[PDB]
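Q: Provided herewith is a single structure, encoded as structure tokens, for subsequent inquiry.
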Number of protein chains: 2
Amino acid sequence: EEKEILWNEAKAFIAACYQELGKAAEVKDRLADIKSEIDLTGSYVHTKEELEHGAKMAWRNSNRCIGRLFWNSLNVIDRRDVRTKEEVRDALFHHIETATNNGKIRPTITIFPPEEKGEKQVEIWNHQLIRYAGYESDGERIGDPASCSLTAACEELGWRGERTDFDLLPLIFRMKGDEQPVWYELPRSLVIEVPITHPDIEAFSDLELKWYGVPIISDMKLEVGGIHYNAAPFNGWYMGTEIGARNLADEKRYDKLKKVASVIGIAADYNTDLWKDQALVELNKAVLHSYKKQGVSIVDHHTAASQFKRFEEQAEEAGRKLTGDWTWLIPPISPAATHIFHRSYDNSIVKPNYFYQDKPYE
Amino acid sequence: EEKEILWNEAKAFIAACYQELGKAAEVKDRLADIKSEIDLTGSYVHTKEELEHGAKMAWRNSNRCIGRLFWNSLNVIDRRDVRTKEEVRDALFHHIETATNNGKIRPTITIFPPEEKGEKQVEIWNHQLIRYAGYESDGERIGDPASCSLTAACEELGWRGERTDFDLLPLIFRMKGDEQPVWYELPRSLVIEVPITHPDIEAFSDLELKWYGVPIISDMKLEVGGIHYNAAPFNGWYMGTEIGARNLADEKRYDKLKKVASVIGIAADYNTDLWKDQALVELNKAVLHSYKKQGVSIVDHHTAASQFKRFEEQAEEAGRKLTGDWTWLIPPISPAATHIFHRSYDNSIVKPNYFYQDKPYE
Ligand code: HEM
Ligand code: HEM
Ligand SMILES: Cc1cc(N)nc(COCC[C@@H](CN)OCc2cc(C)cc(N)n2)c1
Ligand SMILES: Cc1cc(N)nc(COCC[C@@H](CN)OCc2cc(C)cc(N)n2)c1
Ligand SMILES: C[C@H](O)[C@H](O)[C@H]1CNc2nc(N)[nH]c(=O)c2N1
Ligand SMILES: C[C@H](O)[C@H](O)[C@H]1CNc2nc(N)[nH]c(=O)c2N1
Ligand SMILES: [Cl-]
Ligand SMILES: [Cl-]
């Protein structure tokens with residue numbers, strides 16, 4: 001069935017990809033080559049053109065993503081040639097550098113060798129290439145709680161965190177054949193961070209908040225025409241709410257809302273005062289102001305929703321079915337102020353796409 | 001099939017109702033009486049105990065309702081005895097009066113005679129018993145746009161609105177046998193309205209905003225054990241966001257956000273300033289402050305979510321399956337600050353329940 005699963009996916013993808021690329025007449029001969037290759041080797045190798053468009057199609061099909069308008073401008077880096085951990089490390093270092101682009105972030109994906117027989121060639125342990133460590137000992141809570149399990153795993157491997165609230169986790173990945181992953185400390189010079197300040201409230205800096213510039217998802221599987229690229233980290237720029245309404249606001253994350261209420265000078269005593277709501281808005285104002293001031297790319301949820309409307313419009317104009325997850329597309333701040341809230345979305349899964357996969361630790 | 005549909009619903013409801021009421025031993029003899037009654041008349045009549053608990057069960061099963069914690073305290077008014085339009089009118093007048101309770105709102109439902117052969121005995125045209133009219137002529141937009149179609153219908157029937165932004169719509173309903181509905185102007189003395197002011201911004205009153213005290217849904221069908229109570233208006237108290245984040249904020253409603261931004265003294269120029277978000281919070285603060293100050297019952301979305309958590313906890317303790325619609329349960333303001341946002345809900349439909357039905361106009 002496995003060969004058959006692969007062959008059926010390959011047929012569907014190539015025909016669709018080549019159709020969009022206007023290479024319709026070449027589908028026949030390509031499907032032939034692919035078929036013999038699957039017969040012979042048990043798999044097939046994507047052309048760079050197929051891989052590139054396949055990763056763009058995958059982003060376009062990501063139901064939970066509000067930023068899909070710019071799907072076709074994705075910067076695809078083909079690193080199917082890597083064989084050593086030093087090569088993987090430098091590819092990851094390069095991704096961070098080129099995607100960051102001195103603050104003017106380029107949406108980028110680096111694609112490592114795919115699974116062979118379900119056997120991983122490269123196994124990335126990081127959720128994001130840049131993320132803060134998390135600790136808990138005797139109810140002493142430090143850093144990002146979401147990173148607690150990965151941090152413990154890393155500290156098993158000889159790494160030790162400084163135990164600030166913003167320890168940069170090292171890159172950690174495992175190569176095929178090795179029993180343990182290796183880890184590499186990130187060069188600080190490659191990592192842009194943004195101090196959080198408020199446009200008119202000076203005391204906001206007393207909170208000593210900051211966040212990292214680029215969100216680089218590194219734990220998802222890119223599937224393209226039957227081929228499983230388990231290692232393919234990708235990035236865009238942040239939508240402010242991700243930082244100000246979740247990362248810094250969630251009680252199971254940094255949980256900063258009470259401290260925010262204090263610095264903006266309001267009481268945090270009564271539900272009816274809506275102090276959490278007010279704190280959320282000022283914090284999200286702070287995030288947007290700070291990134292813009294530092295010259296780091298970011299988008300507000302209103303502008304992003306406007307862009308997604310254009311994405312919807314582009315889809316219908318192009319005769320493509322639109323899919324989406326309403327529960328993920330609405331922003332956690334003032335969602336009813338966006339058009340997204342006021343319509344429905346088909347949550348059907350279309351391939352190519354990005355998928356969750358089991359974590360190699362915990 | 002109709003008799004069979006009815007009989008199967010009746011079996012399921014009576015057994016469940018009597019079980020909860022601890023009248024398990026009486027299910028057998030009741031099911032017998034009901035069965036002969038269906039054979040003879042084509043239908044069966046609920047006891048007051050069955051009707052009362054049936055309407056409470058229906059509220060408990062309303063997947064979209066965040067306020068279900070107080071399901072068992074529902075005030076059920078049995079008006080299956082009405083036969084004249086004057087009786088219907090006075091029953092509706094009474095509902096408003098007793099539910100309002102001088103501001104200390106009582107969750108109440110008034111139950112009119114059920115459909116017979118799918119034939120309505122009483123046909124209520126109002127979406128809510130208390131709602132504001134809406135007009136549009138040559139792009140001259142007045143009042144609540146959501147009420148535009150009902151308003152036009154009423155003005156066909158000899159009624160005329162003053163064309164303020166807050167015209168109280170008359171009660172309008174049709175009796176079985178009559179071709180046209182009748183309409184009755186609401187006595188102002190029965191209708192509590194709340195002027196919208198802000199706790200610390202005096203200029204907020206310049207907006208001249210107000211809203212009505214009690215939300216009384218009057219266009220839904222209550223279904224209890226096969227019996228279709230198409231006419232059964234019900235009320236609770238408002239959650240603030242319903243007024244401040246939707247009714248007064250939506251662009252297709254009162255669309256007051258720009259005017260709010262002006263009175264609270266912020267620019268409405270840039271998306272990145274998050275001015276809509278800030279306006280939304282101050283407006284919702286205003287709503288809660290105003291209702292509390294007037295002595296009119298209201299609940300904030302944080303407290304309501306806390307209560308719904310208790311409802312969830314009560315359900316599991318009682319060995320009942322919990323159902324809910326996540327898309328309706330999250331508040332339109334700071335939803336990620338509630339526990340609801342961070343879990344999933346089974347959106348299965350359980351009867352008894354309240355349902356949408358076709359509007360008799362448009
Ligand atoms: C260009 C800037 C981008 C923005 C502003 C953006 C925005 C977002 C946001 C706000 C989410 C929801 C995450 C959350 O609620 O926590 C999301 C999810 C997602 N985005 Fe994007 N995105 C961008 C670029 C990309 C790119 C380049 C890809 C991949 C090629 C991508 C794929 C996804 C996927 C797969 C998810 C869902 C992740 C999951 O299921 O856990 N996005 N995006
Ligand atoms: C006691 C105070 C109550 C509060 C604060 C409350 C709160 C809410 C809220 C916020 C909604 C969502 C409406 C929207 O998003 O626009 C809702 C929906 C609903 N509530 Fe309640 N509710 C209350 C009482 C009741 C009562 C007494 C009933 C009936 C017995 C009821 C049945 C429903 C139903 C059926 C819906 C869904 C309406 C629809 O599908 O369009 N609720 N409730
Ligand atoms: C617990 C958890 C597990 C898991 N697999 N994923 C998540 C969160 O979902 C994906 C990460 C979210 C966090 N805001 O960011 C998505 C995203 C991706 C990209 C490429 C850009 C962007 N701005 N935002 C959380
Ligand atoms: C367009 C439309 C049609 C339709 N059938 N229903 C709606 C809105 O949903 C029901 C009304 C909503 C409006 N916030 O209020 C529900 C509600 C009911 C009750 C008993 C109490 C309460 N606080 N809130 C809108
Ligand atoms: C079309 C979309 O389902 C629509 O916005 C729904 C869902 N979310 C909602 N949530 C609430 N509380 N009230 C509503 O009227 C709606 N409308
Ligand atoms: C459990 C529930 O589905 C959960 O809150 C989901 C849905 N809504 C979300 N929406 C966004 N944007 N991001 C998230 O992580 C989630 N989490
Ligand atoms: Cl993040
Ligand atoms: Cl309403």
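No Cβ is skipped: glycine too gets one built from the backbone with ideal geometry, and neighbour counts run over all protein chains shown. All of the numbers you see were taken from the coordinates with simple rules; none came from a lab.
Q: What number, rounded to the nearest 500 deg cm²/dmol, is the helix-based mean residue ellipticity at 222 nm of chain B, given -39500 (n - 2.57) per DSSP H run of at least four residues and division by all its residues?
A: -10500 deg cm²/dmol
Q: What does the net charge come to around residue A:297 if you take all other residues with beta carbon closer than 11 Å to its beta carbon, with K and R at +1 and D and E at -1?
A: +3
Q: Hey, another quick one. How much net charge surrounds residue B:236 when only the other residues with a Cβ under 11 Å from the Cβ of residue B:236 are counted, with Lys and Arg +1 and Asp and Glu -1?
A: So the surrounding residues net to +1.
Q: May I ask you to derive the relative contact order of chain B, considering only C-alpha pairs under 8 Å and at least 6 residues apart, and to give it as an integer percent?
A: That works out to 21 percent.
Q: Oh, and also: Sequence-distant or interchain residues sharing an amide H contact under 5 Å with residue A:224, placed H: which?
A: Placed amide hydrogens put A:229 under 5 Å from residue A:224.
Q: Hey, got the dipole for the protein assembly as shown? About the Cα centre, +1 on K and R Cβ, -1 on D and E Cβ, debye to the nearest 20?
A: Dipole magnitude for the protein assembly as shown comes out near 280 debye.
Q: For Cα pairs less than 8 Å apart in space and 6+ apart in sequence, what is the mean separation divided by the residue count of the range B:294-362, i.e. the relative contact order in percent?
A: 29
Q: Around residue B:173, which amide H atoms from residues at least 5 apart in sequence, or from another chain, sit under 5 Å from its own amide H, with H modelled in the peptide plane?
A: B:125, B:182
Q: Another one. Whole-Hz ³J(HN,Hα) for each residue in the range A:171-182, computed from phi via Karplus 6.51 cos²θ - 1.76 cosθ + 1.60 with θ = phi - 60°, x for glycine and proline: what do you get?
A: 5, 9, 8, 10, 8, 4, x, 7, 7, 10, x, 9
Q: Placing +1 at every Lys and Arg Cβ and -1 at every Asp and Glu Cβ, with all other atoms neutral, what dipole size does the range A:34-83 have around its Cα centre, in debye to the nearest 20?
A: Here the range A:34-83 has a charge dipole of around 320 debye.
Q: Past 32 Å, Cα to Cα, is the threshold; run A:259/B:321; A:252/B:252; B:23/B:117; A:259/B:56 against it and keep the listed order.
A: Violating the 32 Å limit, Cα to Cα: A:259/B:321; A:252/B:252; A:259/B:56.
Q: Let me ask something else. How many nanometers, to one decimal and shortest first, lie between the label point of residue B:155 and those of its other copies, if labels sit 7 Å from Cα toward Cβ?
A: Listed shortest first, these distances are 7.1 nm.
Q: Next question. Within 10 Å of each Cβ in peptide A:282-295, how many partner chain Cβ atoms are there on average? Round it to a whole number, please.
A: 2
Q: Test of the criteria: in the range A:186-218, which GluC sites (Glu not before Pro) are in a DSSP loop and have at most 12 other Cβ atoms within 10 angstrom of their Cβ?
A: A:208
Q: At residue A:361, with labels set 7 Å past Cα in the Cβ direction, how many nm apart are the copies from this one, shortest first?
A: Listed shortest first, these distances are 6.4 nm.
Q: Here's a follow-up. Step through the residues of the range B:212-220 one at a time and calculate ³J(HN,Hα) from phi using the Karplus curve (6.51 cos²θ - 1.76 cosθ + 1.60, θ = phi - 60°), rounding each to whole Hz and writing x for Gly and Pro.
A: 7, x, 10, x, 10, 4, 10, 10, 9
Q: Taking the Cα centre as origin and putting +1 on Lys and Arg beta-carbons and -1 on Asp and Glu beta-carbons, what dipole magnitude results for chain A, to the nearest 20 debye?
A: 900
Q: Would you work out if the range B:194-259 is rounded, prolate or oblate? Take a ≥ b ≥ c from the square roots of the eigenvalues of the alpha-carbon gyration tensor; rounded if a/c is under 1.5, else prolate when a/b is larger than b/c, oblate otherwise.
A: Prolate.
Q: Take every residue in peptide B:330-340, count the Cβ atoms of other chains within 10 Å of its Cβ, and give the average of those counts.
A: Average per residue, whole number: 6.
Q: Where the label is 7 Å out from Cα toward Cβ, how close does residue B:316 come to the same position in every other copy, in nm, shortest first?
A: 4.2
Q: Tell me the trypsin sites (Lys or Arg not before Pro) within the range B:157-237 that lie in a loop according to DSSP and have at most 16 other beta-carbon atoms within 10 Å.
A: B:160, B:163, B:176
Q: Between residue B:320 and residue B:1, what is the spin-label point distance in nm, taking each point 7 Å from the Cα along the Cα→C-beta axis?
A: 3.1
Q: Return the sequence-ordered ³J(HN,Hα) values of the range A:338-344 in whole Hz as given by the Karplus equation 6.51 cos²θ - 1.76 cosθ + 1.60 applied to θ = phi - 60°, using x for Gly and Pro.
A: Per residue, the Karplus-derived 3J(HN,Hα) values read 9, 5, 3, 4, 9, 9, 10 Hz.
Q: Count charges around residue B:87 for me, please; just the other residues with Cβ under 15 Å from its Cβ, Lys/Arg as +1, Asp/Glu as -1.
A: That works out to +1.
Q: Under a 10 Å cutoff between Cα atoms, tell me which one of B:192, B:217, B:34 has the largest fluctuation in the Gaussian network model of chain B.
A: Judging by the Gaussian network model, the answer is B:34.
Q: Using a Gaussian network model of chain B with C-alpha springs under 10 Å, which one of B:199, B:187, B:331 is most mobile by mean-square fluctuation?
A: B:187
Q: Going by amide H atoms built from the backbone, whose H comes under 5 Å of the H on residue B:64, apart from near neighbours?
A: B:325
Q: Using only the Cα atoms of chain A, build the gyration tensor, take square roots of its eigenvalues as a ≥ b ≥ c, and label the shape rounded, prolate or oblate: rounded if a/c is under 1.5, else prolate if a/b is larger than b/c, else oblate.
A: oblate
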